[PDB]
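# Would you be able to build a 3D model of this:
(one chain, ligands or ions: 1)
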Amino acid sequence: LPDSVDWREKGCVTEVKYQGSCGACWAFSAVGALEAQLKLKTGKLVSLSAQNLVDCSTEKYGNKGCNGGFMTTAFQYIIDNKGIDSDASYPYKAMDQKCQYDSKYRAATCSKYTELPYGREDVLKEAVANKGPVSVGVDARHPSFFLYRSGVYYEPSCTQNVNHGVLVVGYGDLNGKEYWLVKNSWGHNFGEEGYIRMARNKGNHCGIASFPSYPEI
Ligand SMILES: N#CCNC(=O)[C@H](CS(=O)(=O)Cc1ccccc1OC(F)F)OC(=O)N1CCOCC1
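Numbers count the residues shown, from 1 in each chain. Let me share the structure:
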């Protein structure tokens with residue numbers, strides 16, 4: 001496996017999004033993962049509709065729109081639904097709306113998804129390198145997370161109780177510290193242009209390898 005990976009360099013990552021006061025990070029994580037697969041399969045980078053998931057991947061999938069959801073069940077919704085609309089056709093409003101899916105605006109599909117074994121950072125490393133960006137959950141409840149600006153994020157108070165959906169788009173080493181390159185959905189003002197380098201191989205720090213999953217087309 002390569003010592004470092006960065007899917008942004010392969011044009012497989014769309015711009016950072018801003019979720020606002022709607023807890024749709026799970027949906028942004030989900031579309032982000034599918035966005036990379038879509039690029040690998042068709043050669044086109046296209047932002048997918050996180051709103052589509054918020055309004056449509058609801059109760060039947062155990063999701064609660066702006067009040068939280070699962071990346072895996074979101075993937076199953078796309079499979080069951082036979083598609084997901086583009087962000088452009090079904091824009092993000094940061095609120096719970098009625099399902100407005102329309103196949104005429106479909107920009108991607110999903111045939112299956114895979115959930116990686118709990119806490120195995122070596123397995124996650126292989127997935128990011130051989131499959132593409134992977135959806136994961138992290139413990140982002142600590143004050144230090146909101147204030148992160150650079151370097152590699154390491155928080156002694158972090159736990160393996162995840163509550164925030166994000167996307168691992170790479171990994172590497174910075175000044176002797178191994179890290180996971182994570183795409184967040186709190187806009188470009190958060191951390192490094194919307195990204196945060198989180199400690200890697202440090203005991204499943206903040207539970208980054210607790211619940212990883214990725215879709216396939
Ligand atoms: N709001 C908001 C923003 N946060 C969310 O959407 C989070 C994103 S997650 O932690 O990665 C989902 C999750 C996946 C596997 C195991 C535990 C999880 O996380 C779980 F919280 F433990 O989910 C939730 O908070 N949920 C609570 C309601 O039911 C759906 C999941």
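
# Burial check on the spatially closest residue to residue 116 that is not a sequence neighbour, number of neighbours?
Ranked by CB to CB, 6 or more residues apart in numbering and with sequence neighbours excluded, the top spatial neighbour of residue 116 is residue 212, at 4.2 Å. Every residue, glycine included, has its C-beta placed from N, CA and C. For residue 212, the neighbour count with other CB atoms under 10 Å is 25.

# ok, now which ones touch residue 212?
For residue 212, the contact set (CB atoms under 8 Å, 6 or more residues apart in numbering) comprises 115, 116, 124, 127, 134, 135, 136, 168.

# Could you measure from it over to the ligand?
The span separating residue 212 from the ligand equals 10 Å under the rule CB to the nearest ligand atom, to the nearest Å.

# Let me know the secondary structure of the closest residue in space to residue 7 that isn't next to it in sequence.
Closest residue to residue 7 apart from its sequence neighbours, by CB to CB, 6+ apart: residue 169 at 4.6 Å. Secondary structure, DSSP: H, G, I helix; E, B strand; the rest coil: residue 169 is strand.

# Enumerate every residue touching residue 169.
6-8, 12-13, 32, 36, 128, 133, 181-183, 195 are the contacts of residue 169 under CB under 8 Å, 6+ apart.

# Among these, name the ones in helices.
If you go by DSSP state H, the contacts of residue 169 have 32, 36, 128 in helices.

# Stretch 116-127 and the ligand in contact?
No. On the criterion CB under 6 Å from any ligand atom, stretch 116-127 is out of touch with the ligand, staying 9.9 Å away.

# Perfect, I'm done here.
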